[PDB]
Amino acid sequence: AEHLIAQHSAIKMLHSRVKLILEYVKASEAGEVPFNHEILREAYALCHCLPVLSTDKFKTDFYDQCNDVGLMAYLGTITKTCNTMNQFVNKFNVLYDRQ
Amino acid sequence: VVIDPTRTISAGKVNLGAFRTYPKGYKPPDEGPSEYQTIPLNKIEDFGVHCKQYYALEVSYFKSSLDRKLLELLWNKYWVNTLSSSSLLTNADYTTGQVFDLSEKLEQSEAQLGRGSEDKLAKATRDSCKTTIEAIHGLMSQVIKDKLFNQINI
Amino acid sequence: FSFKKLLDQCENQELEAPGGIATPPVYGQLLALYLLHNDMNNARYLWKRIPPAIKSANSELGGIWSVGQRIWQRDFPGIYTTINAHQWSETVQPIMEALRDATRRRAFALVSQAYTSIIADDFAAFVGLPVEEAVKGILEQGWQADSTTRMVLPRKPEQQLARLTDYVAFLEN
Amino acid sequence: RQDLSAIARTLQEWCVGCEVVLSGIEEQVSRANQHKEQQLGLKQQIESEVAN
Amino acid sequence: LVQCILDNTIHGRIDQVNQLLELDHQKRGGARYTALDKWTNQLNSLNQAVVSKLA
Amino acid sequence: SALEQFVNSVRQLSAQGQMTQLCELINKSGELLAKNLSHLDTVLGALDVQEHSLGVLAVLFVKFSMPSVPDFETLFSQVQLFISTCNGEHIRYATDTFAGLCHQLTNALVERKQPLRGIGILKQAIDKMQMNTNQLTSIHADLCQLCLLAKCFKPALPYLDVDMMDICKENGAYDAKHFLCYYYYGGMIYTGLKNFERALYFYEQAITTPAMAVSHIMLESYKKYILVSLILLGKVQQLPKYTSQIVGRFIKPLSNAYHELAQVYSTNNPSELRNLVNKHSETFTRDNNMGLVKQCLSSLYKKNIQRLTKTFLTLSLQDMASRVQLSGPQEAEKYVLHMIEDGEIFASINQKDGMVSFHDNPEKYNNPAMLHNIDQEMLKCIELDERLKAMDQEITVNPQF
Amino acid sequence: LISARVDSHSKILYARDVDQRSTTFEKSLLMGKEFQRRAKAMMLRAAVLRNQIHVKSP
């Protein structure tokens with residue numbers, strides 16, 4: 001909850017900028033608001049910058065990152081379950097067994 | 001004042017403490033909650049020996065009216081840096097160092113169960129939890145970036 | 001797609017309708033459908049479950065198992081020969097053609113992975129189609145065909161955030 | 001001038017994208033609390049059975 | 001080159017078929033995988049020792 | 001006279017408090033019961049046929065004769081009508097006569113001929129005896145036995161695939177041989193479907209059982225354990241230290257041929273294993289596991305071809321035929337093709353030059369496939385931890401020792 | 001100590017280099033699988049020791 005709040009605010013800021021630029025585009029195209037060759041040209045240049053990194057090398061690296069964290073998470077969950085198993089057997093050897 | 005710059009980065013939260021010592025011979029009173037931190041095995045002995053010889057102060061921060069204004073105006077552009085953090089590889093060697101320690105801790109917790117300090121496995125489990133939780137948060141930021149900038153198309 | 005639904009329906013009819021012993025056309029469908037999914041462990045134990053009375057009265061069932069023997073031995077040319085030998089319209093014939101197509105896809109996918117270079121006659125026998133038809137199809141697909149030696153050189157071919165939140169919720173509690 | 005709409009067609013496609021991501025967080029954060037409190041509550045029940 | 005690689009003065013290997021020296025360079029983040037390797041080994045022995053308790 | 005009273009005493013406990021008196025009523029029943037029970041079953045389905053019908057049908061199967069003249073089919077249908085839509089609620093207290101009824105139905109169908117439909121009915125009874133995550137009831141063995149005789153393992157899997165916790169007793173209703181039979185027959189079911197992993201697991205769990213005397217179920221499960229471990233793994237898997245002493249003292253030297261088979265398997269010689277299979281062939285056919293030892297021979301050949309990947313990269317078919325002992329490059333090509341198809345080796349065939357090219361690189365661990373694999377495996381570990389949390393909580397609620 | 005593969009067609013001995021990542025992933029995944037089987041086994045062991053299920057001597 002406290003770790004993704006700075007990202008949520010950053011994304012909200014980005015979303016505002018994206019919405020303001022989009023509204024400028026529609027205002028220009030619909031009419032009334034003054035047409036500009038240069039600004040809409042840069043908005044076109046901004047549209048062509050999406051998606052950022054679609055190469056196969058980046059896909060291999062992104063999924064390498066994701067599998068590394070995934071494997072690490074699996075080993076961490078194994079450690080926690082090893083501890084939970086240890087608690088259970090420690091108590092089972094006292095109640096259901098005489099050591 | 002003591003600061004851990006490495007854990008600041010990995011946890012995404014400032015890791016700072018302010019401390020004052022007790023005079024030689026003087027004993028602290030009853031109440032001492034002690035907020036838990038993972039201490040590596042090469043430091044834990046010394047930590048335990050001296051942990052009751054001092055106390056922690058309640059830390060808070062402040063800024064000026066101009067700092068307030070300037071930081072809001074800085075944010076109007078500094079948001080870009082939050083969506084381009086790349087925290088998983090900036091200080092990678094830390095998490096790999098912690099895992100090494102965690103492994104040796106687990107070796108000691110296995111030796112505790114062997115035949116026959118207060119439950120080393122639970123401590124090691126909380127350490128592995130913390131390290132993993134930090135790693136998954138890193139992946140969360142990476143996936144967020146992938147969702148925002150890569151999955152758009154023409 | 002729809003064959004799996006008919007398999008489940010036949011698997012229900014296997015136990016709901018009898019009296020001990022089930023209906024012979026359902027047995028034929030169940031056997032041929034057990035051959036379709038390549039589950040030979042289910043098919044072999046189904047054929048041995050059949051009483052000798054239906055085995056003598058319905059020889060067409062034995063004609064369906066004669067294909068299964070070849071599938072068990074993995075003799076492809078024999079599989080394509082045994083498929084085109086018996087006729088049992090509406091009941092077994094419409095799924096035998098699906099078996100033939102599935103065996104063709106299975107053999108093509110096997111040769112594309114298991115072989116670098118294979119003799120054109122061997123490949124034709126593996127897919128069941130004649131040599132000219134097979135070589136035409138692979139040249140159209142993109143495999144490297146060589147004449148004189150008669151060799152064919154094959155060419156080998158929230159959603160994420162919710163899971164992570166559940167993992168941290170597990171570790172943190 | 002005529003094909004200008006296409007630019008907006010991608011800009012909106014990004015906007016909606018953001019609007020998903022944002023909501024996603026809002027939900028996930030909520031879930032992260034929804035678990036925590038629940039677990040605390042459950043612990044407080046276990047700890048209440050120690051007296052018996 | 002044989003004598004030199006055997007005495008560890010040159011870091012690399014010889015490709016005798018193509019007649020070249022393939023020098024040692026390929027280094028990545030191999031420190032993590034070794035830590036994860038020892039973590040795996042210790043978790044194996046630990047889970048065996050935890051299951052050993054009950055009977 | 002007396003049989004006309006008991007029915008009225010069943011309705012008295014209906015929709016009321018305790019039914020322990022009803023358990024005492026089924027415990028006594030009537031001793032020398034008459035045919036009139038059938039007539040009493042004509043007007044008995046007032047609420048939901050009740051637990052009275054269980055006592056009536058249990059006594060009908062306790063008869064040791066008939067059980068309902070050559071018209072037993074009617075009785076069978078009655079039993080069906082008692083299990084299907086009748087079910088019950090207080091079966092948990094009447095488990096003894098319920099499991100007893102299922103055991104007697106199973107034994108009657110085994111003594112008769114084809115027990116196909118018996119499976120289909122039994123799975124309902126099991127479904128109403130167990131709680132939620134399933135309990136190891138005795139009927140679970142019977143089901144398996146039935147599907148082992150009536151060769152149809154397909155519908156018995158959902159009750160075998162679950163690693164169920166806590167054995168359901170309640171008023172006795174359980175014997176060690178039912179546990180042993182469930183794991184042995186279940187092991188044979190997984191062996192017949194060529195799922196050697198769960199098969200080996202099941203035989204292992206059948207051997208681990210604490211025992212003072214040696215049973216034939218344990219012997220046969222041990223023999224089949226060695227066979228499946230020779231098929232699945234390159235050698236015999238070590239049984240746990242908590243296994244019974246009688247296994248290493250009595251079962252081990254009794255099944256001497258199987259350890260002899262593993263001893264000849266370790267030398268990696270197929271002709272010598274063939275000689276040993278021909279030597280004790282009568283003993284292997286006596287145990288009725290001849291076929292699995294043939295799979296052991298084929299797995300030895302496959303092990304010998306799998307040993308070539310560790311040392312060779314590009315090997316001739318004639319060289320392979322000479323090393324693995326197959327006679328001719330044709331059989332080598334057959335074996336390699338089968339092994340690629342079954343996913344046992346990672347190799348390719350070159351017919352022009354007559355060569356086999358070993359690759360040995362299934363994955364680099366960057367697929368989402370691994371992401372999904374790790375997600376599923378992690379979910380399994382999370383499930384296991386939550387089960388352990390539940391067990392630990394359950395123990396914390398209980399009194400101290 | 002030789003960590004190589006023999007290419008008997010061309011009569012060339014190629015040195016084998018172990019992939020670090022794949023080996024670490026492989027042994028970790030297999031460890032998780034062995035851990036799960038040990039967990040199922042001890043689950044059933046807990047169940048038989050709880051219900052006192054054992055083979056009687058007579």
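Readers should treat all values here as calculations from the given coordinates under stated rules, not as data from a laboratory. When we count neighbours, we look across all protein chains shown, and the Cβ atoms used for this are built from the backbone with ideal geometry, even at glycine.
The figures follow:
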| read-out | value |
| --- | --- |
| Average beta carbon contacts from partner chains per residue of G:8-15, 10 Å cutoff | 5 |
| Cα convex hull of segment F:51-174 - mean projected area over all directions, nm² | 7.4 |
| Per-pair calculated FRET efficiency, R0 = 56 Å: residue B:71 and residue A:58 via Cβ, rounded to 0.05 | 0.95 |
| Two-decimal Rg to Rh for segment F:287-391 - Kirkwood Rh, Cα set | 1.18 |
| Two-decimal Rg/Rh across chain E, once Rg and the Kirkwood Rh are taken from alpha-carbon atoms | 1.38 |
| Residue F:39 paired with residue F:161, simple spin-label distance in nm, labels 7 Å along Cα-to-beta-carbon | 5.1 |
| Chain D-segment C:126-157 distance, computed between alpha-carbon centres (Å) | 54 |
| Distance violations [Cα-Cα > 30 Å] among E:53/F:380; B:105/F:235; B:120/F:169 | B:105/F:235; B:120/F:169 |
| Residues in segment F:105-129 reached by a label modelled at residue F:84 [backbone nitrogen below 12 Å; 7 Å Cα→Cβ] | F:121 |
| Förster radius 41 Å - calculated FRET efficiency between residue C:90 and residue F:330 (Cβ-Cβ, nearest 0.05) | 0.45 |
| Efficiency of FRET from Cβ geometry, residue B:117 and residue F:69, R₀ 56 Å, rounded to 0.05 | 0.15 |
| Of B:130/G:33; A:59/A:80; B:145/G:33; A:91/F:177; F:302/F:364; A:80/B:52, those spanning more than 27 Å from alpha-carbon to alpha-carbon | A:59/A:80; B:145/G:33; A:91/F:177; A:80/B:52 |
| Mean-position separation - Cα centroids, segment F:41-120 and segment B:103-154, in angstrom | 55 |
| Charge context of residue F:157, other residues only, Cβ under 15 angstrom, K/R +1, D/E -1 | -3 |
| For F:82, A:35, order by how many other beta-carbon atoms lie within 10 Å, fewest first | A:35, F:82 |
| Rough spin-label spacing in nm, given labels placed 7 Å along Cα→Cβ, for residue F:341 and residue B:18 | 7.7 |
| Whole-percent pair-distance distribution, where bins are 10 Å wide, for the alpha carbons of chain F | 4, 17, 22, 21, 17, 10, 6, 3, 1, 0 |
| Selected from F:331, F:363, F:377 as most flexible by GNM, with chain F as the system and alpha-carbon contacts under 10 Å | F:377 |
| Residue among E:37, E:15, E:24 with the largest mean-square fluctuation in a Gaussian network model of chain E, springs linking Cα atoms under 10 Å | E:15 |
| Per-residue Cβ neighbour rank within 10 angstrom, fewest leading, F:1, F:271 | F:1, F:271 |
| Degrees separating the helix F:52-62 axis from the principal Cα axis of chain F, which is the longest one | 60 |
| Shielding by other protein chains, E:22-30, mean Cβ within 10 Å | 2 |
| Stokes-Einstein diffusion coefficient of the protein assembly as shown, Kirkwood radius over Cα pairs, 10 °C, 1.306 mPa s, in µm²/s | 46 |
| For segment E:1-50 and segment G:1-34, distance of Cα centres in Å | 12 |
| All-pairs alpha carbon distance profile, chain A, 5 Å steps from 0, percent | 2, 9, 8, 10, 10, 11, 9, 7, 7, 6, 5, 4, 4, 3, 2, 2, 1, 0 |
| Peptide-level mean, for F:109-119, of C-beta atoms on other protein chains within 10 Å | 3 |
| Per-residue HN-Hα couplings for segment B:19-29 [Karplus 6.51, -1.76, 1.60; θ = phi - 60°; Hz; x = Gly/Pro] | 9, 9, 7, 9, x, 3, x, 8, 9, x, x |
| Debye, to nearest 20: dipole size of the protein assembly as shown, +1 on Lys, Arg Cβ, -1 on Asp, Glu Cβ | 1800 |
| 5 angstrom amide H check on residue G:12, placed H, neighbours 5+ away | G:7 |
| DSSP bridge orientation in the protein assembly as shown - percent antiparallel, rounded to nearest 5 | 85 |
| Convex hull of Cα atoms in segment C:1-115, direction-averaged projection (nm²) | 7.4 |
| Cα-centre dipole for segment F:51-174 with unit charges at Cβ (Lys and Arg positive, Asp and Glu negative), debye to 20 | 360 |
| Whichever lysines have a C-alpha closer than 16 Å to that of residue F:113, once near sequence neighbours (fewer than 8 apart) are set aside | C:48, F:151 |
| Residue F:260 paired with residue B:80, simple spin-label distance in nm, labels 7 Å along Cα-to-beta-carbon | 8.3 |
| Degrees, to the nearest 10: F:72-83 long Cα axis against longest axis of chain F | 90 |
| Neighbour-count ranking [beta-carbon atoms within 10 angstrom, fewest first] of C:89, F:138 | C:89, F:138 |
| Dipole moment magnitude, nearest 20 debye, segment F:133-219 about Cα centre, only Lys, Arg, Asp, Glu C-beta charged | 320 |
